[PDB]
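**Student:** fold the following.
(chains A and B)
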Protein chains: 2
Amino acid sequence: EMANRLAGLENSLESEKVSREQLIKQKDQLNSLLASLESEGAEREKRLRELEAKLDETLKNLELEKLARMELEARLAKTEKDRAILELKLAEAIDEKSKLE
Amino acid sequence: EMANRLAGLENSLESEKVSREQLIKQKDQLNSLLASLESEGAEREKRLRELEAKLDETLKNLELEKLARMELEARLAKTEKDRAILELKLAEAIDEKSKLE
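**Tutor:** Residues are numbered from 1 along each chain as shown, chains lettered A, B, ... in the order given. Please see the structure below:
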């Protein structure tokens, strides 16, 4: 009776062994997965942080440049107008001269 | 022997089913972890993809506005120079009018 309980206990021990080995292999794979994903994530968060800074900077610059552009379109119109005004005044003068001939 | 060897193996089997409960538990925690990290990573990659698109756009824009601004700086200098030459010409003419009279 007892030599039997002996055989069955060993049997039960071996079945617990196969289970144990299955779970440990599964765990190893999860741990590797884990480490990997962590590393990957570290790299991407660093990369993301960099992208963010770059978009902020570029954004600033785009803004500064729009102001600058507008300021110049204005300055240019003012100058263009003055230039036109002078050509007209010039004509007027070369003519008052002409007529004084 | 036999009776002893028995209660013995029952002890062994005992601690081992306990260990197995534990591995199952650690495994479950790992798997949950894995799901979370993967979801988190999916999100971060989505956000990264978005930032990249935005950075490309803004970069284009920065470039175009920079060309526009340089074109204007040039245009403005040319105009200012012509205006200066015209003020001079003007003076010269209002003076030729003066002397003439």
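
**Student:** so what's the residue positioned nearest the centre of chain A up against?
**Tutor:** Chain A has residue A:51 as the residue nearest its centroid, 2.9 Å off, counting by CA atoms, centre = their mean. By CB atoms under 8 Å, 6 or more residues apart in numbering or on different chains, the residues touching residue A:51 are B:48, B:51, B:52, B:55. Backbone N, C-alpha and C define where each C-beta goes, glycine included.

**Student:** farthest-apart pair in the residues you listed, please.
**Tutor:** Maximum pairwise distance among those (CB to CB): 10.4 Å, between B:48 and B:55.

**Student:** now the helix or strand containing residue A:18 against helix B:2-100, angle please.
**Tutor:** Taking DSSP states H and E as the criterion, residue A:18 maps to helix A:2-100. If you take axes from the mean of the first three to the mean of the last three CA atoms, to 10 degrees, helix A:2-100 sits at 0 degrees to helix B:2-100.

**Student:** give me the distance between helix A:2-100 and the centre of its chain.
**Tutor:** 0 Å (CA atoms, centre = their mean, to the nearest Å).

**Student:** can you count the residues close to the closest residue in space to residue A:30 that isn't next to it in sequence?
**Tutor:** The shortest distance from residue A:30 to any non-neighbouring residue, by CB to CB, 6 or more residues apart in numbering or on different chains, is to residue B:30 (4.2 Å). By other CB atoms under 10 Å in any protein chain shown, the residues close to residue B:30 number 17.
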